[PDB]
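Numbers and lists here come from the model and the stated rules, or from a named source; nothing here is a laboratory result. No Cβ is skipped: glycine too gets one built from the backbone with ideal geometry, and neighbour counts run over all protein chains shown.
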Amino acid sequence: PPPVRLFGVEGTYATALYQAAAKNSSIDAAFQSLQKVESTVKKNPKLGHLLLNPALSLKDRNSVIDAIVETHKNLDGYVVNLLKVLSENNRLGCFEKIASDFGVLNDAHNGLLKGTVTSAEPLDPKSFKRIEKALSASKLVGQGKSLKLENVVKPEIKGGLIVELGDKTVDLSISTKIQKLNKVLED
Amino acid sequence: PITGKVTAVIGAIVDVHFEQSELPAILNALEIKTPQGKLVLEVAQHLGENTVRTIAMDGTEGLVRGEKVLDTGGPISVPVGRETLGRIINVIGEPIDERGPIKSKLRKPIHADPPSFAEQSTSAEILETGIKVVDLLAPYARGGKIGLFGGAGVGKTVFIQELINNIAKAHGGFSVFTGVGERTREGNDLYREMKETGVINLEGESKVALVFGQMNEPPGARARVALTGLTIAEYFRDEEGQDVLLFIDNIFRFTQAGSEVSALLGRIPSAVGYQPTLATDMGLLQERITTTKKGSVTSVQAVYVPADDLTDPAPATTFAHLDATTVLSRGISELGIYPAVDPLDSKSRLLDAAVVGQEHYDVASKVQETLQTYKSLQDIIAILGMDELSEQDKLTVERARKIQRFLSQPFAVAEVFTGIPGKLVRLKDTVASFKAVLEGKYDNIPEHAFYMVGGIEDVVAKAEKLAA
Amino acid sequence: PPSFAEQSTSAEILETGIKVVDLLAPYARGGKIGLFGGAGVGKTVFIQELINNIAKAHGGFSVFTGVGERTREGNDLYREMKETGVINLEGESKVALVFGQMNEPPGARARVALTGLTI
Amino acid sequence: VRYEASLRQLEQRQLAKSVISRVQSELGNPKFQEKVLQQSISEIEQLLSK
Amino acid sequence: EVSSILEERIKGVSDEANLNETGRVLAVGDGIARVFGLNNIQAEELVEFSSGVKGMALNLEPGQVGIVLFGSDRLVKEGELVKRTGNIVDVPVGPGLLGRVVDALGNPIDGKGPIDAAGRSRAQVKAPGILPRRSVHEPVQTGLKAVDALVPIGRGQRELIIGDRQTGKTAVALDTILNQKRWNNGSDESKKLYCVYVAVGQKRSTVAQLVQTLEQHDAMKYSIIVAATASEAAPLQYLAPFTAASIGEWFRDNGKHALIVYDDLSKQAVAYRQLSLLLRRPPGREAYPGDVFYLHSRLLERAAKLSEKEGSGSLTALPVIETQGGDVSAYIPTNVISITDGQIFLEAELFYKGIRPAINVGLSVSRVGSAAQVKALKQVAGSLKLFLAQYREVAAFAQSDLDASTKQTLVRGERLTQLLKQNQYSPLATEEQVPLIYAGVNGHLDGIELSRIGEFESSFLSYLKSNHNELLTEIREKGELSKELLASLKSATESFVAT
Amino acid sequence: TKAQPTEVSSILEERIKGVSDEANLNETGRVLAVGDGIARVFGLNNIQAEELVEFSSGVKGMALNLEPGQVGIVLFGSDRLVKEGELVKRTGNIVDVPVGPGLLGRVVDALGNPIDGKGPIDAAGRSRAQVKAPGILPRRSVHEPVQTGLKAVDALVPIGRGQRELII
């Protein structure tokens, strides 16, 4: 079964798409074409991203597909069948959802892992690099995998850092420590 | 074999997703090795996308989604054989009597198709009991289900014990007391009592084999305990030929247990609250017990009417299967008579003239008529006073009170307990005995000779010694 | 709600001044007295008498909070305690009111009780 | 004994609310900045120690 | 002092280490947060939110793990770390819990400092099996005259206290706790029943009253009160008897004796309903959760009487069930009635009619019966059961020209019924139960007029104490009434009645 | 969002792969989720409504709900027999059972199997399980006795030929 499962509808579409292109052994091709069709959809904002509104016909939906494969003739072919499927199931409206989902699945296959270093305010680039080095070095990143570490700004977390990746976290923050500290002196 | 990861544990309904190739067939048993032992999960749906949905047989607390599951390949297979006499065996099929691994030859699936229409036994015949009250006024049916009625304190346990003893002498059959929804207190008592009364003789060769399902067990395991038991019985019938008799404890609690398993599985609840699959499920349990052309299981089951309504759907569904009812009563035991069988409550299906023989029928009808008249007479005998009676009426009062005592019979299991020698009086010889009492050939015999005595021949002896 | 530690047992006897109440099940100060009763069994009359006795007697302020009762009943209560001087709108009232009445949207009826609790 | 215990409880909640006042002071300081460095190296030490 | 303790506490918290598994709440509504994450989560395992509320994870669903919040909804808010505590629900258990009022989690809510405990044991462990259990054989004297004679209660067998709403059901139970003081105080460790009272869904004020009452009768010193009050969140209420059973296990396993009185399982049921329906698990009969029979059966069967192989411990249990309008056909009562092994049926009419405790003699039954009852008390009160039976039957005939026989029954019966009343919130020693009952049984008090029955009772006790506390002491210690003792007793009663 | 019978990942992946499931599943199906004593088969495109299908495992069922994209057989037999992903073949007849002269003295099963164990049933035809009753004009009021031979059930209560008559 394809590594990394995607629960629920729209990601069942992604799961299918990946495994279908995995047996064709043309996943990179799929990914590239998916980025391209998503991009030219996204870059056509009014009329063709804001006319993904759910109200179009069966026949009009088919013709939206025909315009999409008119827009560029470079598509994997599995993803040309996928366009048909989403139209046919008339769930075409969620288009980008499947795209994003295929992306999540894909870059897991590629090996890339994503992390997060939430903090109160943005932290140093020196800190970013030191943490990135450490985190990549650690056994947590198995290696043969990469870490796109993203600092995000969350004011709610007061100071510190929280490392997140692999649904495994180490939370050493002042807000979290303060919570536990306060609690212990209210006993 | 196939292996799969636990992919839900919502309640006691645990859904397992198997690594695609083959799905365990519906009714197959999966075993998840657990640090608590094993958990046997039984597949009761296929949810599509190579997933199954199971019911559990051990508590579902502490499963971790992603545990490896292994598929046994067919319904839970419990050890069976005559090597399994005197063992308490739990639902999953492992000794819980803690006397070490059950040595067994074969194990057999706990779900097996009922004997075919072809193999049904054409005529019906009477199974000899040996309790005089039973054999006269409501004879047990060979391979029928005869439903015991009346709650504890009627000597229910002793009555159950008695039957085990008689059956062994009478035919040669084993027993299997299978208890569904049995209080943990009651189970302790049953094991202890059964050991004491020698129907289980741990050192010796036991009669009854035990399958106990306490109310502690998960809702699923409560449902499957009866079917587990039935399998043990069937091995005896099919492969050792003897007629055997398989008791079930509350069969109400079989229904009750089933009601939960349905509700958990998510099926829409049905009339009065019972299973939507209520009728057929009672059918699966109650049609595997039948008279085959090899042997017959015969089952004495105990029905505990809910809310004392015989109109409720659960008793009603039960009543369809039953063939005779022996209705032990506490009033009757309070009149000293033990066996506690109430003479005018018990009724049987086979008890029709051409089934039980014309003679047996005629004797029975008369004994029923005498006792029946006696009860009505006793109403006004008490009210008016004893003196006020007809010559005809006091003939009946005399006749009846002698019959009433004559019903009693000290018996073998409680030989130890009471001291009195036990009397197992043959079915033919029972019929003869009542004919004479009806004909007043022993109406010269004192009334205190009929109390607690064996057959007619026996009460000739007692009359002489009593007189002396 | 105040924690388990906070709770403190009490037992003082309120004097209702109503014969049935006083003898056969007296009410107690600091208690949670409860006027359970039927539909139109004279609930209003009972409540009105209770307000006359207990409210005037009581030293502290009171908050009379009405969760979903008729606005006819509401106006009567408003008027009655203006007359009895409990609500003295020249002086200072010895009671507060939080009337949410049964013409209010289904949600409001639920958390109107809470509004009163906080006063 | 009862009031002595009550007085200890009264002390415990009093010094507790005073601790809250010191906490509000602590979170103001650029110790708020400097301790992030401490956390940074601590996480480096921790995650490498696994 | 307090400053030193706080300084110890700050020092007593140390820096943490990397914490496996995390979740982010997907949606939190209705106190049923459903968290996306928690890749490996043991079923029913305790999970701790960012906010600080604790929860357990009753539904492990195929893509989300449905935590149930053990506190107010407001605490958790959509998307927020959900840490995995990693130990399935367990509560501190130990000898040290004696005398502390603790909540379902186990935290001290009495405020008498940290709970010192000798183990933490899981709160769902399965009940003693067929071979571990050995039949009941040791009386538990509740001290209420009516309970002790009419419905004997033995060690290790659950017996229901099913009765009408707020007919002071709890009072009948509380009395049992008080009487255990008499055996408890001494030095015989094969006599001490260490009771644990489990107050589930009772207002915090009620449980405060309970605490005070127990302190007043100097009874907190063998009591542990697991209290999950009405205020406390519906998961805490759900886990409250289960938790309690675990507290009991230390006593049972270590081989003491103990009695855990679950009060009231009717409210336990309501809590389970709340959890299940909110988790969208299929509804069932009378809108009670589908497996509700199974839940109650699990709790009540943890009570047992261990075999001599297994250390001869016990764990008597006494669930209290509130019958709504006395309808004993209701689904939650009916299930419990089946599960239990006995009933005491307190009747509202009797309560009103001044018979307090209000045990309806007819509709109570003891299914373990004669195994219990002190041997002495058994001898002189077999009669008592039979006499009352006649009094019940001949009761309605009390409306004229009545046979002398009927009149004899009526006199004896009225006097007995009056005799069996017991003043509320005071237990009565077994050594004085046997004398008092003896008098009624032997018909000495038949002559005494009804109004003076009460006065007679107290007088008889004082008379027994003055005249022959030798007789009383013999009765107490020998514990079996020999013909010679019954002889002395007959004389004593004759002397007493004469004055 | 919703669900569909084409939601199913195995169905979905075949379509994505450009594979045509038509002209295969025009007359056979492969079972999808099954259990709860109703089975849902994917395909069976040319199925008649209320046809009898035979599952390859020897159990037959009557298609009950023909739904856009799935056909839902009802299993006339035990659940254990059909396991997911089994091949369902169209029997080709609306559910009919053999009828004829030579059914005299034969016990038969509900599908008309000879469970009397006397060998094959000799039967003239088969006729559909549910068929419309004789209308207003094909009937004439009863006018012959059905002699039951029990006085009262043949005296007090008269019972004639070709009439309903409940015994309750």
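Among residues belonging to segment F:61-99 that are part of a strand (DSSP E or B) and acidic (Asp, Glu), point out the one that is farthest from the other protein chains (Cβ to nearest Cβ). So the residue we want is F:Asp96. Output the residues belonging to segment E:302-312 that are surrounded by fewer than 23 Cβ atoms within 10 Å (Cβ to Cβ) and either of a type outside the set (A, V, I, L, M) or outside the structural domain of E:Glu138 (by CATH) (or both). Matches in segment E:302-312: E:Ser307, E:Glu308, E:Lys309, E:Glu310, E:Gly311, E:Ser312.
Of the listed requirements (1) within 14 Å of chain B (Cβ to nearest Cβ); (2) more than 18 Å from E:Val198 (Cα to Cα), E:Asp116 misses just one: (1).
Restricting attention to segment E:50-65 and to residues that are in a loop (DSSP other than H, G, I, E, B) and among the polar types (S, T, N, Q), the residue that is surrounded by the most Cβ atoms within 10 Å (Cβ to Cβ) turns out to be E:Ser50. Each residue in segment E:414-459 was checked for being more than 20 Å from E:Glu484 (Cα to Cα) and either charged (D, E, K, R) or surrounded by 16 or more Cβ atoms within 10 Å (Cβ to Cβ) (or both), and 20 pass. Residues that are closer than 24 Å to F:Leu104 by Cα and exposed (fewer than 10 other Cβ atoms within 10 Å of the Cβ) within segment F:135-146 comprise just one, F:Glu144. Under 6 Å by Cβ, and 6 or more places apart or on different chains, what pairs join a residue from segment B:151-169 that is acidic (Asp, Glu) with one that is not in a helix (DSSP H, G or I)? Cβ pairs passing all conditions: B:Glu162/B:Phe411.
From the list B:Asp243, B:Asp249, the one residue that fits, being in contact with a helix residue (DSSP H, G or I) (Cβ under 9 Å, 6 or more places away or on another chain), within 14 Å of chain E (Cβ to nearest Cβ) and buried (at least 21 other Cβ atoms within 10 Å of the Cβ), is B:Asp249.
Scanning segment A:159-187 for residues that are in a loop (DSSP other than H, G, I, E, B) and within 13 Å of chain E (Cβ to nearest Cβ) gives A:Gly160, A:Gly166, A:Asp167, A:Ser173, A:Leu185, A:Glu186, A:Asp187. For chain D, the tally of residues that are facing another protein chain (nearest Cβ under 7 Å) and under 30 Å from A:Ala137 (Cα atoms) stands at 12. Selection of segment B:304-336 for residues being assigned to a helix (DSSP H, G or I), of a type in the set (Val, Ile, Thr) and either over 14 Å from the mean Cα position of the chain (by Cα) or within 18 Å of B:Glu162 (Cα to Cα) (or both) yields B:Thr317, B:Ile332.
Return yes or no: is B:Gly73 assigned to a loop (DSSP other than H, G, I, E, B), within 14 Å of another protein chain (Cβ to nearest Cβ) and under 30 Å from A:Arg5 (Cα atoms)? Here the answer is yes, as B:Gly73 does meet what is asked.
The set of residues in segment F:1-39 being within 26 Å of F:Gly61 (Cα to Cα), surrounded by fewer than 19 Cβ atoms within 10 Å (Cβ to Cβ) and away from chain B (no Cβ under 13 Å) consists of F:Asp21, F:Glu22, F:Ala23, F:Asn24, F:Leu25, F:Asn26, F:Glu27, F:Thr28.
For every residue, the table says whether it meets (1) surrounded by fewer than 16 Cβ atoms within 10 Å (Cβ to Cβ); (2) within 22 Å of B:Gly151 (Cα to Cα); (3) of a type in the set (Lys, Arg).
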| position | (1), (2), (3) |
| --- | --- |
| B:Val341 | no, yes, no |
| B:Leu351 | no, no, no |
| B:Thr396 | no, no, no |
| B:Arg405 | no, no, yes |
| B:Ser408 | no, yes, no |
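Out of E:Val82, E:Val47, E:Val68, one residue alone is in a strand (DSSP E or B) and either away from chain A (no Cβ under 14 Å) or of a type in the set (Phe, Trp, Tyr) (or both). It is E:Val68. Does any residue in segment E:1-16 that is closer than 24 Å to A:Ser173 by Cβ and more than 8 Å from chain D (Cβ to nearest Cβ) come within less than 6 Å, Cβ to Cβ, of a residue that is surrounded by 10 or more Cβ atoms within 10 Å (Cβ to Cβ) and among the β-branched types (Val, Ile, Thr) six or more places away or on a different chain, and which pairs are these? Within 6 Å, the pairs are E:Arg9/A:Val184; E:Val13/A:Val184.
The criterion of at least 2 residues that are within 14 Å of chain E (Cβ to nearest Cβ) and under 21 Å from A:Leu105 (Cα atoms) is met, among helices (runs of 4 or more DSSP H) falling completely within segment A:1-90, by A:11-22.
Restricted to segment B:35-55, and to residues there that are in contact with an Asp or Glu (Cβ under 8 Å, 6 or more places away or on another chain) and away from chain F (no Cβ under 14 Å), the residue that is surrounded by the most Cβ atoms within 10 Å (Cβ to Cβ) is B:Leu41. For the condition small (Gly, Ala, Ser), buried (at least 19 other Cβ atoms within 10 Å of the Cβ), over 21 Å from B:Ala221 (Cα atoms) and more than 9 Å from chain B (Cβ to nearest Cβ), E:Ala287 does not qualify. For segment B:179-196, the condition holds for no residue, the condition being that it is away from chain E (no Cβ under 14 Å) and either in contact with a helix residue (DSSP H, G or I) (Cβ under 9 Å, 6 or more places away or on another chain) or under 27 Å from E:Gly342 (Cβ atoms) (or both). Quick check on A:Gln143: is it farther than 14 Å from D:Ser40 by Cα and either at the interface with chain E (Cβ under 8 Å from one of its Cβ atoms) or in a strand (DSSP E or B) (or both)? It is false that A:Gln143 is farther than 14 Å from D:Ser40 by Cα and either at the interface with chain E (Cβ under 8 Å from one of its Cβ atoms) or in a strand (DSSP E or B) (or both). If you filter segment B:392-437 down to residues that are outside any helix (DSSP H, G or I) and among the hydrophobic types (A, V, I, L, M, F, W, C), you find that the one that is farthest from the chain's Cα centre (by Cα) is B:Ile420.
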